[PDB]
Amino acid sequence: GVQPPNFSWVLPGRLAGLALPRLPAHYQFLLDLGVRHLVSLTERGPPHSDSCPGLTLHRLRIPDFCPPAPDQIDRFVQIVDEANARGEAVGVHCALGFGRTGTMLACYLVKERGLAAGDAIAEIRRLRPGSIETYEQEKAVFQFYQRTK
């Protein structure tokens, strides 16, 4: 197994972020750490994902340099909740693992850890320096918090 680029846990044993996986060894690495679900945010599916039939790919396509749509975030949350309900960890990736990935990660903290948007964005940036760099990305988290209370 080979650790995928920019990989790190946000919620130990439950949720992790990563850059674009592109080799069979990347997916095998995820499976070894218990990450049985991969939420893919890129415009196209990541290469060689089918090498590991045991890993479930969840395609939630979000255009490059754009924020996630409200319904997409709700779906992301649902996916993480159901996976963790089965004792399985989830990994979420985009192209670089900072923008779209960072926004999703922060949104789960808002929902699952009850954090305010600002603090959720700060924690993600602390764990993964460089995350949620754009205003639209921050905006996505704040509006999610607004409809999550």
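All residue numbers are counted from 1 along the displayed sequence.
Asks: Pick between 47-55 and 34-42: the one whose mean CA B-factor in the entry is higher.
Replies: Going by the record's values, the stretch with the higher mean is 47-55.
Asks: So, looking at the entry's B-factor column for Cα atoms, which has the higher mean, 90-98 or 56-64?
Replies: If you average the C-alpha B-factors of 90-98 and of 56-64, the larger mean comes out for 56-64.
Asks: Which one of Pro12, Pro129, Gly17, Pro21 shows the biggest C-alpha B-factor in the PDB entry?
Replies: In the PDB entry, the greatest C-alpha B-factor among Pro12, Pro129, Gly17, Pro21 is found at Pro12.
Asks: By the record's CA B-factor, is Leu105 among the lowest, middle or highest third of residues in the chain?
Replies: Lowest third.
Asks: Comparing against every modelled residue in the chain, figure out the third that the C-alpha B-factor of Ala116 lands in (lowest, middle or highest).
Replies: Ranked within chain, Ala116 CA B lands in the middle tercile.
Asks: Could you tell me which third, lowest, middle or highest, the C-alpha B-factor of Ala85 occupies within its chain?
Replies: For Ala85, whose C-alpha B-factor we compare with every modelled residue in the chain, the answer is the highest third.
Asks: Can you tell me whether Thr148 has a C-alpha B-factor in the lowest, middle or highest third compared with the other modelled residues of the same chain?
Replies: For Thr148, whose C-alpha B-factor we compare with every modelled residue in the chain, the answer is the highest third.
Asks: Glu136's Cα B-factor: lowest, middle or highest third of the chain?
Replies: Middle third.
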